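Heads up, the chain below is alone and in the form deposited in one PDB entry; it's given as structure tokens.
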């Protein structure tokens, strides 16, 4: 109800791994759920709730369909549900749309997070990665798509893989912190629900800066992020969060908010807020989520 109930579901090996990284990094205010979808292997998790329903998406779908009642029990009462298969493919890409449709049929605000692999990784048959996206799209309120190729314009191979993991985690945290963790400017969850319900595909931009003019700088970087693929101009829904320390000033906060308004489409809904994270020092971190056209 008033403290929103947010459930983050990692499904398949990539999804469970994503959730374990969220746990290791101290992501707060959410319940973690790890769903293993493979018969032959189990990735363990320190998630609160675990379900072992076990490289084919079709296998993952059936496994989740078969466990639909149990998954529904786990999700019941959630105001918001994140679903991700994380990096890599496999059975998780088949199971994710099932978890999403259960969440949504229950009335929860349902947010998918999906990555497009780097082009250098090649491609498995049937266009199955794109098929995974479309299935998840049909099944979510908002699907946040992270095109990993765009990271190479923001690099060694190890750096590329690490960037991919970082932005994936932020695909959840940027939004959840805005809701769960107080800052000077707080948001109404109903407006989040208002802007994200039925919104469809979304893209994300991030930006970071320190010291002098940091909030404007980080915001300008986020808004121009290659991960947004220049979707900012035409976006009809924009969520923006600025994370920083307690000393984050209202004037500098408002400058960033003004910038995003000036860059967004005239008719865009804009949800804006701040997050206090005193671990950041004199750094601020902006997350922008753009949806619609």
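Numbering follows the first chain given and starts at 1. Rigid core: the largest C-alpha set superposing within 1.5 Å between the two forms.
What comes next is about the form deposited in another entry, which does not appear here.
Visitor: Fix the rigid core, compare C-alpha positions between the shown form and the other one, and report which of 137, 162, 210, 76 shifts by 2 Å or more.
Guide: That would be 162.
Visitor: Please say whether, between the shown form and the other one, the C-alpha of residue 252 moves by 2 Å or more once the core is aligned.
Guide: No, the C-alpha position differs by under 2 Å between the shown form and the other one.
Visitor: Look at residue 97 and decide if its Cα position differs by 2 Å or more between the shown form and the other one after superposing on the rigid core.
Guide: No, the C-alpha moves less than 2 Å.
Visitor: If you line up the core, does residue 174 shift 2 angstroms or more at its C-alpha between the shown form and the other one?
Guide: Stays below the 2 Å threshold, so no.
Visitor: Closer or farther: the CA pair residue 34/residue 42 in the other entry, versus this form, with a change of 3 Å or more?
Guide: Nearer in the other entry, by 3 Å or more.
Visitor: Assuming the CA distance changes by 3 angstroms or more, are residue 87 and residue 95 closer together or farther apart in the other entry compared with the shown structure?
Guide: So the answer is closer.
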